Every structure is written in C-alpha cells, then in structure tokens.
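The structure follows.
Order of writing sets the chain letters: A, B, C, D and E. Residues in each chain are counted from 1.
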Amino acid sequence: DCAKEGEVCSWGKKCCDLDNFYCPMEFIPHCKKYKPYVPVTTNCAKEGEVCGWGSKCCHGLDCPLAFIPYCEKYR
Amino acid sequence: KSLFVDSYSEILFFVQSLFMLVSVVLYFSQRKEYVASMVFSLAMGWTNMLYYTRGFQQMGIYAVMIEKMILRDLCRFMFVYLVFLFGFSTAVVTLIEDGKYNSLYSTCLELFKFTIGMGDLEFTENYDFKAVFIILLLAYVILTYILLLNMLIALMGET
Amino acid sequence: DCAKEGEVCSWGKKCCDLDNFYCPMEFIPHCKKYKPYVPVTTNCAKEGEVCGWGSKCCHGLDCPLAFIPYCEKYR
Amino acid sequence: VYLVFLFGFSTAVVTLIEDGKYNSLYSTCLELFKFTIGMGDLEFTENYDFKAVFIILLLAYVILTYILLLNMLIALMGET
Amino acid sequence: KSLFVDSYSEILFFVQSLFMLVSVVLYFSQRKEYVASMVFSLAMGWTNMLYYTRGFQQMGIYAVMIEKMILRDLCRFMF
C-alpha cells in the first residue's frame, strides 16, 4: 500500500500518485502536494537593475555570476 | 652542471622572455597562434613573482622548502607514476578499441582523472570486454593510491 | 576561420558544420566526419547467453552488472 | 602563494578563452577554485578554438596546486 | 615459505610468462578470450620494470620502501 496525503512516508511506505505528490526531506516526512508554477510577479528586478542583493530578476530575465550582477534577457 | 642543480630563476625568466619573442614573431606573421604563446608567457610571469619571496625570512624559507621538495621527491614519485599510467593506458586501449578508449592520449587523460578524484566508474556502455575492464580499473586505482601513500609517508621521514 | 575535413582543429581554428563533423581528442586532432548508427549484426550475444567476456549483447538486449552477466530484455 | 597562482592562471584562461563560462575573472576564479576541493570539470565537451592549449594550462594548474597542498601538510609537521 | 617471503620478482616474471602461454593456447584454439589474458600479461610487463630500480641507490631504496609498505601494513588495512 501507499502513504496518503498527510501521512508519514519513507518509514516503510512511499507516497502514491507521484505525478501530484512527493515525499520531502525532513527525517519524518509527510506526503505533500505540488504547487502550480506561478510566474514571477511584481517586486522583481527589471533589466539593467542589480540582482542577487535582496531582489531576483523578473520572469523573462536572468542574473549573471558576478559580485554585483545585473539582470539581462535570456540569451 | 650548475644550471642543472643551481640558478633556476635565470632559466625561468629567460624562458618567459623567449615565449614573448615568439609571440611577437607570430603576431607580425599574420597568425592566430600568437595568443597560444602569449598566455604561456603570462602564466609564468605570475609564478616567477615567487622569486621575490626572498628578502622576507618566513616566505623565503617556505619557497626554499617548495623548491627542494619539487627537486628531490616529486621526481622520484612522477617517474614511477608515469610508468604505471602508461602501462595501464596501453592495456586499456588494447582491451577496448573504441568509445573514449580509441587513442592513447584520451585513455591517459581518463586514467589521470582518477588520481584527482574525478574518475568515471559508471560502466554504462556496451563493451565487448566488460567485466575485465572493471578488474583493470580497480587494480589501477589501488596501486595508484598505494603510490600516493608511499610518497606522503616518505615525505614524513624528512621532517 | 573554420577548419575543413582533414584539417587541423583546436589549434586556433574550430571545425565548421558540427552537425556532420567533429574534432577528436588527439593533441593534434584533424576534423573527422560522423558515422551512421549501424545496428548490431550477428556475432553478438543472444538472450540467456553470457555477455561481457568477449561478446556484447545484441541491439535488442542489455548486459547487467555482474561478474558473469547474461543478456536480458530492456526494462 | 595560492592566491598568486589562482589569479595568474585565471587571467591566462580568460585571455585564451573569452566566452562560455570563462568570459570574466570572477567565474573563472570560482571554476579553478572548484579543482582545489575535488569538484572540478575536465570533460572538455565544448568546441573551443584553443583546446589542447586549455588542457595543458589546466593540468599544470592542478599539479602545482597539489604540490602546494602537499608542501603545506609537510611544513605543518615541523611544529609537532 | 622462503619461496614467497623472499624472491617475489621471480614469481611475478613467471606469472607473466604463464599469462603469455595461456594467451597463445587460447589463440590457436579459436577462442576470443585470449585478448583478456594478453592484456594482463601486458600490464604486468610494465610493472615488473620496477625490478630494474636496483642499480640506482635512491630509486632502489624507494622501491624497497614500496615493497615493505605493501607487504606489512596494507594487508592489515584491507582485512
């Protein structure tokens, strides 16, 4: 049998319906449901603004690897 | 003879200058390879800065220890290590004639990666002589770590 | 700028048409053409026969990880 | 000494290849630092223009760095 | 007992020759496994070159140290 939502997993039982549920890494994990992929809303860093230091880049942008990185478009 | 056992810094600075001159010659000959020489003069140019550790006592003793370690013990280690590496590389190329072990250079690099903890023991490919390859790789790893252990211990009797 | 088939690659020039050609790992590599994926013909090990000791499994089978493995159907 | 070696080889690598994870000193410094902690990358899957010169630089860097680590370990035995 | 605790090199060279002869026998018996035997002989053929480190004092002492480290302490670790 399987562990249902809210039941303890990995101590003899795995979670069922893995397309919707997962067993976290918590030493007494309980089966939890996935969340929808909500795109990045406001309060993000726009193109040309500093990222990494308290603000992440918006949905269409990426933050390079630098001491003071700035958001830039994908590719 | 004295250059072989003394006055290394003059040789290293001279080699740096030779690389610079070759870079100039390639630059004016309409070649892209002048970059390849230039970087070899650049990297050496930084390491030669350790020459100036003399004039400070602690860094001078440290640099002298580096020099003598390289010139005494690492040569004896590297001779035996290279013999073992070449032998097992030839064995592996002979056993497996294709698929990342089709050349001696590639096999030598792949076996060298084990010495630095970046090996590959997945055994995913469909070779003809699988399960003989595994024995060779295990033996190579064990012997290489014996050699490294012996080097480390040999450097403790000198302290 | 690019190297053609049979020309020296990686010493300042990359080989063009990488969908059909590649630069090997040889310390003075020359650009070579890919080969077609010919399926496994006879002189292979069939299901239930010993693999690894001088004979690979045929294209429809896989060789497990063991001291004396035997060919088996894919998972 | 370690930082001297790291900066020198980082500058050489960035000059030789100015693109694809080696377009800045920060990224190249981190990538070379990874080799010191056993997390390196010697796959050489990218199609660089100066491959087989990049390989020689990386091998020399790794060998020198491990010589330095060994020398440190030996030197610290003179206090016991 | 003196066969094994002394004169290892004779045993190693003899085992190399045994691998070569088994390779020949498999070769003329129409078997593909001879390659396996051959490669083992080849591998041993290189490591046995360490025998010639005698006649050079520093390399000879280094090789003696390797010998005793293998034959004394590693066998306790591996168990």
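Note that contacts are C-beta pairs under 8 Å (C-beta built on N, C-alpha and C of every residue); 3 or more make two chains touch, one makes a residue touch a chain.
State which chains count as neighbours of subunit C and simultaneously of subunit D.
Touching subunit C as well as subunit D, we find B.
How big is the gap, in whole Å, between where the Cα atoms of subunit B centre and where those of subunit C centre?
So the centroids are 29 Å from each other.
Averaged over CA atoms, how far is the centre of subunit D from the centre of subunit E? Could you give it in whole Å?
Taking the average C-alpha coordinate of subunit D and of subunit E, the gap between them is 37 Å.
Where the CA atoms of subunit A average out and where those of subunit B average out, how many Å apart are those spots?
Chain centres of subunit A and subunit B, defined by C-alpha means, are spaced 43 Å apart.
Take the average of all CA coordinates in subunit A, do the same for subunit D, and state the distance between these two points in whole angstrom.
Comparing mean C-alpha positions, subunit D is 33 Å from subunit A.
Among the residues of subunit A, which ones contact at least 2 other chains?
Within subunit A, no residue touches at least two other chains.
Please output the residue numbers of subunit E that touch at least 2 other chains, ranges allowed.
In subunit E, residues 35-36 touch at least two other chains, as defined above.
Which pairs of chains touch each other in this structure?
In this structure, the chains touch in these pairs: A-D, B-C, B-D, B-E, C-D, C-E.
Can you tell me which positions in subunit E touch subunit C when the two form their complex?
Answer in residue numbers: 32-33, 35-36.
Touching subunit B in the complex: which residues of subunit C?
Within the complex, subunit C contacts subunit B at residues 11-13, 24-27, 51-57, 62-63, 65-69.
Would you mind writing out the residues of subunit B in touch with subunit D in their complex?
Checking each residue of subunit B against subunit D gives 35-36, 38-40, 42-43, 45-47, 49-50, 62, 65-66, 69-70, 74, 109, 113, 116-118, 152, 155-156, 158-159.
Under the touch definition given earlier, write down the residues of subunit C that touch subunit D in their complex.
So the residues of subunit C in touch with subunit D come to 10-15, 18, 23, 25, 27-29.
Mind pulling up the subunit B residues that touch subunit E in the complex?
Residues 76, 79-80, 83-84, 86-88, 90-91, 94-95, 129, 132, 136, 139, 143, 146-147, 149-150, 153-154.
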